[PDB]
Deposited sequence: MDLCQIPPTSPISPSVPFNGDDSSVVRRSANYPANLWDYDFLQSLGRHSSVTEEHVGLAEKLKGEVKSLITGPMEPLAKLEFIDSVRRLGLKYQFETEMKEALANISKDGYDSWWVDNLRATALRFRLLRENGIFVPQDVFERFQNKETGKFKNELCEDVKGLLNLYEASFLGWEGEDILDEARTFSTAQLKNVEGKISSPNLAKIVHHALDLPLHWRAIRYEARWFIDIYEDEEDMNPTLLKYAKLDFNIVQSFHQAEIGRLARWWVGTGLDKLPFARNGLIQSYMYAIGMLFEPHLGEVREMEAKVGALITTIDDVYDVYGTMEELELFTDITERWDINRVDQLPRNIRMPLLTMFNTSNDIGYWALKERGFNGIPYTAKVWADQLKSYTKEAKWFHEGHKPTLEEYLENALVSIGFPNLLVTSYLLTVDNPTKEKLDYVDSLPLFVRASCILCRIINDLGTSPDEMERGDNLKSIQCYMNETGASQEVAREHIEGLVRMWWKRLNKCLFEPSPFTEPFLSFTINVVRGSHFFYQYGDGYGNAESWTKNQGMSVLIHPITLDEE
């Protein structure tokens, strides 16, 4: 049981303590949960139940029932159950916006002072109201000034009252929210955390809790078999024995679980995790290991998709390059075989673009150039690797793939570009880079520059949120990938890192949840 050991990882998937009795039980519990979501309940209680389903990682199992139940509730006119109740108003606002039902920010106007625009100080001791308002605020869009105020107000109040909470469970939840709001958290990681918290909630539904545990374990058995296959692949490539990129495979896979955790997306997940392992490896090639001439050759080979001069590179750079080449061809081929469309031109292209972006960073370094923040981000949203990961994910999942469709996603329209910019700046804040560039450009202090970059995180999120209520040429699951890579970034770049990481990996991928 060591997350970093490939003997152990390569064995993962041989045995599973998940039975076909477990699977039958799960089928029966799923049917009762489905009935609870669709069945009668008071509306607030129903919202709280649907929120709990989502938090336990189960929205993927019940999305239709959840949307149907919220639609019913949204079409009420009977509104006495929420109007003037901040907790109810805020929960409704969030779950409706999350599920594509618009609610205006002015539902919160009655809790403001009509003069100052400040929220009323009488809210300062409604903990659950403040919490729900804080969580809701992250569903806001650009220009929704009441929600911006709601963030700053609820953040300051929750910080003030955290230590005054009596309920240990509510206190843990508030602490958790102030670290990251729910909207920014990675689904699968939050699910493992929330199962334990939910078990201790007073309103806890034991049927739902039991289903959540069992489903978690069943899903986890697919992940273990994936990890097995990926670790055997990775050891097959020899790249585990490289100087650099210690733990790159399992780091990549843990990030991939943030992007997409569902069992039916297992083959796509494995291919994203391969690409990710290669991104982090090759990034080290370009950042730490290769000479400028070696990197120029690596980039030119990739740009031409032509490995004739590959032997000019030393072994430790030639191996990563050929593995990138072979895996890119494998993934494009999968698209041909499974989806009807040869994806090799698109995997080659995004790798070429990414190495070009690495090459530009290496040239800035070598020549002592200080880019502006905009100049840096234009390149760095590519170098972070998410255009590569996201275009690949689209290739593998879009229905009826065409050159026209792949060309559009590969051109990085705003929705996609927002995601890539976020992943880059979140990574940079988690510590050349965003903050220092903005410092160089404006003379700001570190503190002020960091606040600026944090503001950019909030702004790009608002743009993501809004892009989600508008019609898109994109569908599920790509729509979810695009959000969930950002949540993955937040989760792994909060500011011992080793033991926190290992604990997440062990608790989410390695140890099952004990069932009585």
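Check your understanding: Tell me, which runs of residues in the deposited sequence have no coordinates at all?
Key -> Absent from the structure are positions 1-33, 465-474, 539-543, 565-566.
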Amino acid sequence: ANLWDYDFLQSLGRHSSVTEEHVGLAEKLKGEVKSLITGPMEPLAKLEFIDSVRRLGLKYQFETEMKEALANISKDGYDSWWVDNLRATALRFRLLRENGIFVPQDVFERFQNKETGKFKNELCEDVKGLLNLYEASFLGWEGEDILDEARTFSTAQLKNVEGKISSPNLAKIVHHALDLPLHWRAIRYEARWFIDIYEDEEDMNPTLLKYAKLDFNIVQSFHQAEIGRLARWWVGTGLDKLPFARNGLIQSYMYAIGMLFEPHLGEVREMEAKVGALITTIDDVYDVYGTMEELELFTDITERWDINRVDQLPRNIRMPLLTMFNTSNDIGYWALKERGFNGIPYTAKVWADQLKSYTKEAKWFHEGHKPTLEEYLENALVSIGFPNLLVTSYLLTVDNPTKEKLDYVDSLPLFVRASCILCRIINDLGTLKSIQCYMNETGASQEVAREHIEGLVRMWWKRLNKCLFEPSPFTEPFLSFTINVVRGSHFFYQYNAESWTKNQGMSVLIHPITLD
From here on, numbers count along this sequence of modelled residues.
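Definition used throughout: the rigid core is the maximal C-alpha set that superposes within 1.5 Å between two forms.
**Study point:** Higher-deviation segment by CA RMS in 5 other deposited structures of this protein, core fitted, 282-290 or 383-391
**Key:** Relative to the shown form, the greater RMS C-alpha distance in 5 other deposited structures of this protein belongs to 282-290.
Check your understanding: Hey, after superposing on the core, which one moves around more in 5 other deposited structures of this protein, 323-331 or 165-173, CA-wise?
Key -> Between 323-331 and 165-173, the one lying farther away in 5 other deposited structures of this protein is 165-173.
Check your understanding: Is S507 unbuilt in at least a third of the other PDB entries compared?
Key -> Comparison shows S507 kept in all of the other entries.
Review point. Counting only other entries that model residues on either side of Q494, is it left out in at least a third?
Key: Across the compared entries, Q494 is modelled every time.
Point to revise | 183-191 or 139-147, whichever carries the higher mean Cα B-factor | key: Averaging CA B-factors over each stretch, the winner is 139-147.
Review point. Given the B-factors recorded for C-alpha atoms, which segment has the greater mean, 281-289 or 263-271?
Key: The stretch with the larger mean CA B-factor is 281-289.
Check your understanding: When you compare the CA B-factors of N388, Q436, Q251, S383 as listed in the entry, which one comes out on top?
Key -> Highest CA B-factor of the listed options: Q436.
Check your understanding: According to the deposited entry, which of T237, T299, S80, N217 has the largest Cα B-factor?
Key -> Reading the PDB entry, the winner on C-alpha B-factor is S80.
**Study point:** Relative C-alpha B-factor of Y198, binned into the chain's lowest, middle or highest third
**Key:** Within its chain, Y198 is a middle-third residue by C-alpha B-factor, going by the deposited values.
Point to revise | Third of the chain, ranked by Cα B-factor, where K466 sits | key: Its C-alpha B-factor belongs to the middle third of this chain's values.
Point to revise | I307 by Cα B-factor - lowest, middle or highest third of the modelled chain | key: For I307, whose C-alpha B-factor we compare with every modelled residue in the chain, the answer is the lowest third.
Check your understanding: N440: which third of its chain by C-alpha temperature factor?
Key -> Answer is highest: the recorded C-alpha B-factor places it there.
Review point. If you rank the chain by CA B-factor, which third does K28 end up in: lowest, middle or highest?
Key: Its C-alpha B-factor belongs to the highest third of this chain's values.
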